[PDB]
Amino acid sequence: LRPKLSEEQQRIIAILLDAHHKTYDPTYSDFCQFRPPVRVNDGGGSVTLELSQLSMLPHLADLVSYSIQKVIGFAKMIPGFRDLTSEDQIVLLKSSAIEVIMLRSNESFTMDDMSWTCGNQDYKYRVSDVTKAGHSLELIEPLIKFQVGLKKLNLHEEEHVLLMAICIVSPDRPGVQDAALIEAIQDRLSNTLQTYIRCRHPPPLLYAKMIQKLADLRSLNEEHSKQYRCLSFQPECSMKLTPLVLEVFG
Ligand SMILES: CCC(CC)(c1ccc(OCCCCC(=O)O)c(C)c1)c1ccc(OC[C@H](O)C(C)(C)C)c(C)c1
């Protein structure tokens, strides 16, 4: 059966699309305001050298911090998100931050050269830039695999916004209080998405593929958390980060 989207489901989709349009700049026009990218000689991808310099860390920390601010703004517009306690809203934001950043980075990701192209050559990011921020291949290899698999789904904007909202409103995050209310908000979003796909997505298992991307995000989140811990041991690393990054990942 292919039930039609309800008036409420149409309203939810319109709300999420508007929220995304207000919180995502597809021209990357604020990027010149971040601390500048610095790319030094590291053809060998030396862990010792990367940790010694962390040349791309100030720029990428400013990028992630900016992205987290946008995610906070988007989440506030998710129907039902405001119905949660302020404590649950924060737990959900902090626990999903890196996964939602990964999902939103997909819009600038291009399979032309496997880079995140955000304007000029200064704002063109590759695997090499992430290693220059002190990350290792255990995170980068699955991260690129994820970006390509997600890109190949050719998601409609409606599906992309629902996916981010479902990611944020997850009842299975550690420390949440009202898991049942979080689950009812997520179910309302998940049903909207399932109905949308059957009703609007032409042929040529998309919902199952999108669910699998959410599980892939969980693994990437865990690996990112391990790597952030290593990075946090580097003397003077805090100056290269931001207060928001320090709170979210600390
Ligand atoms: C450069 C690649 C990538 C990929 C997800 C990234 C993130 C956001 C992003 O843009 C999203 C769109 C911009 C605006 C928006 O959200 O409206 C783009 C275009 C690239 C990244 C950036 C920093 C990273 O490491 C961060 C590091 O671990 C700290 C947490 C220590 C700083 C990692 C692992 C990946």
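By Swiss-Prot numbering, chain A shows 120-164, 216-374, 378-423, in order.
Technique stated in the header: X-ray crystallography, 1.7 Å.
Each residue, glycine too, has its Cβ placed from N, Cα and C.
Listed in Swiss-Prot:
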- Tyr143, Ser237, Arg274, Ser278, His305, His397: calcitriol binding site (BINDING)
- 246-264: region 'Interaction with coactivator LXXLL motif' (REGION)
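Residues near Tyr143 (calcitriol binding site) in space but far in sequence (CB under 8 A, at least 6 apart, same chain), listed by position: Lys240, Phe244, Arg274, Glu277.
Residue density at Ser278 (calcitriol binding site): 17 other Cβ atoms are found within 10 A of its Cβ, drawing on all protein chains shown. The local packing around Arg274 (calcitriol binding site), expressed as other Cβ atoms within 10 Å of its Cβ over all shown chains, amounts to 18.
Ranked by how many other Cβ atoms sit within 10 Å of their Cβ, the binding-site residues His305, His397 place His397 at the bottom. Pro374 and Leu378 flank a stretch of 3 residues with no modelled atoms, and their CA atoms are separated by 9 Å. Whole-number maximum of the Cα to Cα distances across the calcitriol-binding residues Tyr143, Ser237, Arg274, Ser278, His305, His397: 26 angstrom.
All chains included, 19 other C-beta atoms sit within 10 angstroms of the C-beta of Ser237 (calcitriol binding site).
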